[PDB]
Amino acid sequence: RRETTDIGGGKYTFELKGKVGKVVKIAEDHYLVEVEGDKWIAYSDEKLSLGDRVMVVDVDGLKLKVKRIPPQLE
């Protein structure tokens, strides 16, 4: 029931979808969005800013589209 029988291996959890990640680095060729503590490979049409919060709109396997989101205070 509780016993855990998952060794793991692949960093593909296909869960980022919906989760919020932080932009640790940006690059025209590709952007680096640290999601769930893992730098992914996403691309945004709107230039992002280091430390900008973004939520994964969708994941196409090894890529997850990120969309800048407004802070709570706002």
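Residues numbered from 1 in each chain as written, not as in the entry; some residues may be left out. Heavy atoms only, no water.

Per the deposition metadata, solution NMR was the technique used to determine this entry.

The chain is annotated in the PDB entry as nfeD short homolog of Pyrococcus horikoshii. For this entry, the PDB title field holds "The solution structure of the C-terminal domain of a nfeD homolog from Pyrococcus horikoshii".

A.B. asks: Hey, could you run me through the sheet that holds strand 1 (residues 20-25) in this one?
C.D. replies: As a general point, the strands of a sheet are linked pairwise by backbone hydrogen bonds and lie either parallel or antiparallel. Read across the open sheet, the 5 strands follow the order 3-2-1-4-5; overall the sheet is antiparallel. The two strands at the open ends of the sheet, each matched to only one other strand, are strand 3 (38-42) and strand 5 (64-68). Averaged over all pairs of adjacent strands, the angle between their axes in this sheet comes to 50°, without regard to strand direction. When strand 2 (residues 31-35) meets strand 3, the two strands line up antiparallel, connected through 5 bridges. (Pairing = 2+ DSSP bridges. Helix = DSSP H or I, 4+ residues; strand = E, 2+ residues; numbered from the N terminus. Axes fitted to C-alpha atoms, helices over the stretch in contact; angles between N-to-C directions.)

A.B. asks: Please explain the nonpolar core as it appears in this structure.
C.D. replies: What tends to happen in soluble globular proteins is that the nonpolar side chains get buried as a cluster. Grouped together as the largest cluster of nonpolar side chains are 13 residues, with contacts concentrated most on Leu16, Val33, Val35, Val56, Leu64 and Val66. Within the residue set of this core, elements represented by two or more residues are strand 2, strand 3, strand 4 (53-59) and strand 5. (Core = buried A, V, L, I, M, F, W, Y, C linked by side-chain atoms within 4.5 Å. Buried < 20%, exposed > 50% of the residue type's maximum accessible area, 1.4 Å probe, protein only.)

A.B. asks: Explain the environment of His30 to me, please; I cannot follow it from the model alone.
C.D. replies: In this structure, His30 sits in the loop between strand 1 and strand 2. Given a relative accessible area of 29%, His30 falls into the partly exposed group. Between the C-alpha atoms of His30 and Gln72, which are 42 residues apart in sequence, the distance is 27 Å. Among all residues touching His30, those that are not within four sequence positions of it are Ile41 and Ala42. (Contact = heavy atoms within 4.5 Å.)

A.B. asks: Before we go on, may I ask you to explain the packing of aromatic side chains in this structure?
C.D. replies: When we look at a pair of aromatic rings, we describe it by the centre distance and by the angle of the planes. For the coordinates displayed, the defined rule picks out 0 aromatic pairs. Seen from the ring of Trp40, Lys11 lies directly overhead, with NZ or CZ sitting 3.1 Å from the centre. (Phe/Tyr/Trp six-rings, centres within 6.5 Å; stacked < 30°, edge-to-face > 60°. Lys NZ or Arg CZ within 6 Å of the ring centre and 35° of its normal.)

A.B. asks: Whenever I open this one, the pattern of salt bridges confuses me. Can you help?
C.D. replies: Pairs may arise between side chains of opposite charge once their charged atoms sit close together. Using the criterion set out here, one finds 1 salt bridge in the structure. Notably, a salt bridge pairs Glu46 with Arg68, separated by 3.5 Å at the nearest N-O pair. Residue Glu46 is found in the loop between strand 3 and strand 4, and its partner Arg68 is found in strand 5; the two are separated by 22 residues along the sequence. In this structure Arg68 comes out as exposed when scored by relative accessible area, which is 58%. (Salt bridge = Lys/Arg side-chain N within 4 Å of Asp/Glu carboxyl O.)

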